[PDB]
Amino acid sequence: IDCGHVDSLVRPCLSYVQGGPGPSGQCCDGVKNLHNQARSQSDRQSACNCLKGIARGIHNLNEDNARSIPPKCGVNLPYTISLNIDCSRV
């Protein structure tokens with residue numbers, strides 16, 4: 001998992017994190033799917049790198065929405081479009 005499919009999976013959730021209407025009916029199904037499939041540390045560490053490289057370029061990144069993605073639908077992710085996680089022991 002060299003951050004190739006995970007990107008498009010969390011990409012739909014960014015639409016909300018930016019501070020606009022979203023995320024999308026794909027953010028919950030899309031991210032819950034990857035999350036569910038992520039049964040190894042590898043899939044948790046790889047995915048974290050995806051959002052990290054991305055979020056790093058978001059100047060007006062919003063934590064309120066980024067953190068409101070999982071509690072909304074009920075995906076519960078151990079990381080979002082923010083730099084407040086380790087993804088080491090998740």
# chains A, B, ... in the order shown; residues from 1 in each chain; ligands from 1

call {"tool": "residues_around", "arguments": {"residues": "residue A:54", "least_positions_apart": "4", "cutoff": "9 Å", "atoms": "only C-alpha atoms", "output": "list in words"}}
result
residues 7, 49, 50, 58 and 81 of chain A

call {"tool": "residues_around", "arguments": {"residues": "residue A:43", "least_positions_apart": "3", "cutoff": "10 Å", "atoms": "only C-alpha atoms", "output": "PyMOL selection string"}}
result
chain A and resi 1-3+6+34-35+37-40+46-48+87

call {"tool": "closest_residue", "arguments": {"among": "A:83, A:28, A:13, A:51", "to": "residue A:66", "atoms": "only C-alpha atoms"}}
result
A:13

call {"tool": "select_by_dssp", "arguments": {"residues": "stretch 51-85 of chain A", "states": "helix (DSSP H, G or I)", "output": "list in words"}}
result
residues 51, 52, 53, 54, 55, 63, 64, 65, 66, 67, 68, 69, 70, 71, 72 and 73 of chain A

call {"tool": "write_last_selection", "arguments": {"atoms": "N, CA and C atoms", "output": "PDB file, in the first residue's frame"}}
result
ATOM      1  N   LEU A  51      -2.969  11.321   3.900  1.00  0.00           N
ATOM      2  CA  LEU A  51      -3.598  12.562   4.442  1.00  0.00           C
ATOM      3  C   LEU A  51      -2.488  13.502   4.917  1.00  0.00           C
ATOM      4  N   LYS A  52      -1.444  12.987   5.518  1.00  0.00           N
ATOM      5  CA  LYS A  52      -0.338  13.869   5.994  1.00  0.00           C
ATOM      6  C   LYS A  52       0.258  14.691   4.858  1.00  0.00           C
ATOM      7  N   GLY A  53       0.746  14.055   3.827  1.00  0.00           N
ATOM      8  CA  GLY A  53       1.344  14.817   2.680  1.00  0.00           C
ATOM      9  C   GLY A  53       0.349  15.854   2.137  1.00  0.00           C
ATOM     10  N   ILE A  54      -0.899  15.473   2.146  1.00  0.00           N
ATOM     11  CA  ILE A  54      -2.000  16.354   1.654  1.00  0.00           C
ATOM     12  C   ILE A  54      -2.229  17.533   2.610  1.00  0.00           C
ATOM     13  N   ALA A  55      -2.686  17.225   3.788  1.00  0.00           N
ATOM     14  CA  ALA A  55      -2.961  18.249   4.832  1.00  0.00           C
ATOM     15  C   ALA A  55      -1.801  19.259   4.905  1.00  0.00           C
ATOM     16  N   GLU A  63      -9.914  21.863  11.566  1.00  0.00           N
ATOM     17  CA  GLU A  63      -9.917  20.639  12.445  1.00  0.00           C
ATOM     18  C   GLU A  63     -11.363  20.265  12.778  1.00  0.00           C
ATOM     19  N   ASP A  64     -12.178  21.253  13.016  1.00  0.00           N
ATOM     20  CA  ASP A  64     -13.614  21.015  13.355  1.00  0.00           C
ATOM     21  C   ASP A  64     -14.279  20.053  12.375  1.00  0.00           C
ATOM     22  N   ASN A  65     -14.120  20.311  11.113  1.00  0.00           N
ATOM     23  CA  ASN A  65     -14.745  19.433  10.080  1.00  0.00           C
ATOM     24  C   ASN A  65     -13.959  18.115   9.965  1.00  0.00           C
ATOM     25  N   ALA A  66     -12.658  18.211   9.833  1.00  0.00           N
ATOM     26  CA  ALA A  66     -11.793  16.986   9.727  1.00  0.00           C
ATOM     27  C   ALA A  66     -12.121  15.966  10.831  1.00  0.00           C
ATOM     28  N   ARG A  67     -12.359  16.482  12.006  1.00  0.00           N
ATOM     29  CA  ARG A  67     -12.685  15.613  13.157  1.00  0.00           C
ATOM     30  C   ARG A  67     -14.190  15.301  13.157  1.00  0.00           C
ATOM     31  N   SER A  68     -14.978  16.109  12.482  1.00  0.00           N
ATOM     32  CA  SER A  68     -16.460  15.861  12.433  1.00  0.00           C
ATOM     33  C   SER A  68     -16.839  14.865  11.335  1.00  0.00           C
ATOM     34  N   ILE A  69     -15.883  14.366  10.598  1.00  0.00           N
ATOM     35  CA  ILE A  69     -16.195  13.379   9.514  1.00  0.00           C
ATOM     36  C   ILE A  69     -16.588  12.025  10.184  1.00  0.00           C
ATOM     37  N   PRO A  70     -15.675  11.399  10.898  1.00  0.00           N
ATOM     38  CA  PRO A  70     -15.980  10.107  11.558  1.00  0.00           C
ATOM     39  C   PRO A  70     -17.168  10.093  12.537  1.00  0.00           C
ATOM     40  N   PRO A  71     -17.319  11.070  13.413  1.00  0.00           N
ATOM     41  CA  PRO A  71     -18.454  11.099  14.373  1.00  0.00           C
ATOM     42  C   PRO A  71     -19.794  11.316  13.664  1.00  0.00           C
ATOM     43  N   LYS A  72     -19.770  11.910  12.498  1.00  0.00           N
ATOM     44  CA  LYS A  72     -21.009  12.167  11.733  1.00  0.00           C
ATOM     45  C   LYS A  72     -21.627  10.865  11.223  1.00  0.00           C
ATOM     46  N   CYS A  73     -20.979  10.275  10.265  1.00  0.00           N
ATOM     47  CA  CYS A  73     -21.457   9.019   9.671  1.00  0.00           C
ATOM     48  C   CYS A  73     -21.315   7.863  10.662  1.00  0.00           C
TER      49      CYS A  73
END

call {"tool": "residues_around", "arguments": {"residues": "residue A:41", "least_positions_apart": "6", "cutoff": "9 Å", "atoms": "only C-alpha atoms", "output": "list in words"}}
result
residues 87, 88, 89 and 90 of chain A

call {"tool": "write_last_selection", "arguments": {"atoms": "N, CA, C and O atoms", "output": "compact mmCIF listing (two decimals), in the first residue's frame"}}
result
# COMPACT_ATOMS: atom_id res chain seq x y z
N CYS A 87 -0.50 7.62 14.37
CA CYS A 87 -0.81 6.45 13.50
C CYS A 87 0.22 5.32 13.75
O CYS A 87 0.37 4.42 12.94
N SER A 88 0.89 5.39 14.87
CA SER A 88 1.92 4.37 15.25
C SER A 88 1.26 3.18 15.97
O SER A 88 1.53 2.03 15.65
N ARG A 89 0.42 3.52 16.90
CA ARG A 89 -0.30 2.49 17.71
C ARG A 89 -1.82 2.58 17.50
O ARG A 89 -2.56 2.51 18.47
N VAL A 90 -2.26 2.72 16.28
CA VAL A 90 -3.73 2.81 16.02
C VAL A 90 -4.18 1.56 15.24
O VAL A 90 -3.37 1.06 14.48

call {"tool": "closest_residue", "arguments": {"among": "A:22, A:57, A:78, A:30", "to": "residue A:10", "atoms": "only C-alpha atoms"}}
result
A:30

call {"tool": "atom_distance", "arguments": {"atom1": "atom CA of residue A:16", "atom2": "atom CA of residue A:76"}}
result
15.8 Å

call {"tool": "closest_residue", "arguments": {"among": "A:5, A:44, A:11, A:32", "to": "residue A:85", "atoms": "only C-alpha atoms"}}
result
A:44

call {"tool": "closest_residue", "arguments": {"among": "A:36, A:26, A:18, A:45", "to": "residue A:59", "atoms": "only C-alpha atoms"}}
result
A:18

call {"tool": "atom_distance", "arguments": {"atom1": "atom CA of residue A:56", "atom2": "atom CA of residue A:14"}}
result
12.6 Å

call {"tool": "decode", "arguments": {"residues": "chain A", "atoms": "C-alpha atoms", "output": "mmCIF file, in the first residue's frame"}}
result
data_model
loop_
_atom_site.group_PDB
_atom_site.id
_atom_site.type_symbol
_atom_site.label_atom_id
_atom_site.label_comp_id
_atom_site.auth_asym_id
_atom_site.auth_seq_id
_atom_site.Cartn_x
_atom_site.Cartn_y
_atom_site.Cartn_z
ATOM 1 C CA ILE A 1 0.000 0.000 0.000
ATOM 2 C CA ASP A 2 2.211 2.840 -1.225
ATOM 3 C CA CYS A 3 -0.550 5.460 -0.859
ATOM 4 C CA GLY A 4 -2.159 4.873 -4.301
ATOM 5 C CA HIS A 5 -5.811 3.998 -3.569
ATOM 6 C CA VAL A 6 -6.012 5.457 -0.022
ATOM 7 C CA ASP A 7 -5.618 8.930 -1.542
ATOM 8 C CA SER A 8 -8.877 8.814 -3.518
ATOM 9 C CA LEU A 9 -10.545 7.202 -0.473
ATOM 10 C CA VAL A 10 -9.921 10.110 1.942
ATOM 11 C CA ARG A 11 -9.983 12.706 -0.905
ATOM 12 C CA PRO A 12 -13.838 13.002 -0.713
ATOM 13 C CA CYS A 13 -13.620 13.781 3.016
ATOM 14 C CA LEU A 14 -11.419 16.857 2.326
ATOM 15 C CA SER A 15 -14.400 18.559 0.648
ATOM 16 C CA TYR A 16 -15.820 19.096 4.162
ATOM 17 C CA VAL A 17 -12.550 19.759 5.999
ATOM 18 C CA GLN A 18 -11.965 22.783 3.738
ATOM 19 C CA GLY A 19 -15.015 24.492 5.327
ATOM 20 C CA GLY A 20 -17.679 23.921 2.653
ATOM 21 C CA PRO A 21 -20.630 21.594 1.903
ATOM 22 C CA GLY A 22 -19.628 17.906 2.198
ATOM 23 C CA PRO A 23 -17.927 15.663 2.593
ATOM 24 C CA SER A 24 -19.832 13.227 0.309
ATOM 25 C CA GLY A 25 -21.731 9.932 0.404
ATOM 26 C CA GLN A 26 -18.317 8.458 -0.588
ATOM 27 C CA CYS A 27 -16.460 9.882 2.459
ATOM 28 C CA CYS A 28 -18.285 7.520 4.829
ATOM 29 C CA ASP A 29 -18.562 4.439 2.573
ATOM 30 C CA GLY A 30 -15.173 5.162 0.971
ATOM 31 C CA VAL A 31 -13.229 5.734 4.190
ATOM 32 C CA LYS A 32 -15.127 3.107 6.262
ATOM 33 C CA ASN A 33 -14.196 0.554 3.585
ATOM 34 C CA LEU A 34 -10.437 1.275 3.693
ATOM 35 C CA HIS A 35 -10.554 1.552 7.500
ATOM 36 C CA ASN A 36 -12.347 -1.802 7.785
ATOM 37 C CA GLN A 37 -9.849 -3.411 5.376
ATOM 38 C CA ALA A 38 -6.925 -1.834 7.270
ATOM 39 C CA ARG A 39 -6.392 -4.797 9.622
ATOM 40 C CA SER A 40 -2.577 -4.414 9.688
ATOM 41 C CA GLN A 41 -0.327 -1.642 11.060
ATOM 42 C CA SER A 42 0.843 -1.181 7.454
ATOM 43 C CA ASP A 43 -2.557 -0.063 6.164
ATOM 44 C CA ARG A 44 -2.913 2.300 9.145
ATOM 45 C CA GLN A 45 0.597 3.800 8.682
ATOM 46 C CA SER A 46 0.338 4.034 4.880
ATOM 47 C CA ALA A 47 -3.051 5.780 4.883
ATOM 48 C CA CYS A 48 -1.790 8.237 7.525
ATOM 49 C CA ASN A 49 1.010 9.249 5.124
ATOM 50 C CA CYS A 50 -1.562 10.051 2.417
ATOM 51 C CA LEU A 51 -3.598 12.562 4.442
ATOM 52 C CA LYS A 52 -0.338 13.869 5.994
ATOM 53 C CA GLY A 53 1.344 14.817 2.680
ATOM 54 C CA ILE A 54 -2.000 16.354 1.654
ATOM 55 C CA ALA A 55 -2.961 18.249 4.832
ATOM 56 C CA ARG A 56 0.607 19.626 4.841
ATOM 57 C CA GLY A 57 -0.335 21.788 1.819
ATOM 58 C CA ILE A 58 -3.710 22.893 3.263
ATOM 59 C CA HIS A 59 -3.109 26.417 4.640
ATOM 60 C CA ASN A 60 -6.611 27.084 6.019
ATOM 61 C CA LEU A 61 -7.077 23.488 7.181
ATOM 62 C CA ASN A 62 -10.131 23.062 9.452
ATOM 63 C CA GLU A 63 -9.917 20.639 12.445
ATOM 64 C CA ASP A 64 -13.614 21.015 13.355
ATOM 65 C CA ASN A 65 -14.745 19.433 10.080
ATOM 66 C CA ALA A 66 -11.793 16.986 9.727
ATOM 67 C CA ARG A 67 -12.685 15.613 13.157
ATOM 68 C CA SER A 68 -16.460 15.861 12.433
ATOM 69 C CA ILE A 69 -16.195 13.379 9.514
ATOM 70 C CA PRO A 70 -15.980 10.107 11.558
ATOM 71 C CA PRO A 71 -18.454 11.099 14.373
ATOM 72 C CA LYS A 72 -21.009 12.167 11.733
ATOM 73 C CA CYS A 73 -21.457 9.019 9.671
ATOM 74 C CA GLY A 74 -19.926 6.729 12.316
ATOM 75 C CA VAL A 75 -16.664 5.741 10.657
ATOM 76 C CA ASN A 76 -14.429 6.528 13.645
ATOM 77 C CA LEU A 77 -10.956 6.966 12.068
ATOM 78 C CA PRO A 78 -7.714 7.096 14.079
ATOM 79 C CA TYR A 79 -6.543 9.994 11.850
ATOM 80 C CA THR A 80 -7.945 12.731 9.528
ATOM 81 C CA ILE A 81 -6.743 15.700 7.427
ATOM 82 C CA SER A 82 -4.722 17.169 10.354
ATOM 83 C CA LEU A 83 -1.336 16.857 12.103
ATOM 84 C CA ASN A 84 -2.685 15.754 15.523
ATOM 85 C CA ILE A 85 -2.102 11.968 15.299
ATOM 86 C CA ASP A 86 0.771 9.428 15.250
ATOM 87 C CA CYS A 87 -0.807 6.451 13.496
ATOM 88 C CA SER A 88 1.920 4.372 15.249
ATOM 89 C CA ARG A 89 -0.300 2.487 17.710
ATOM 90 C CA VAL A 90 -3.727 2.811 16.021
#
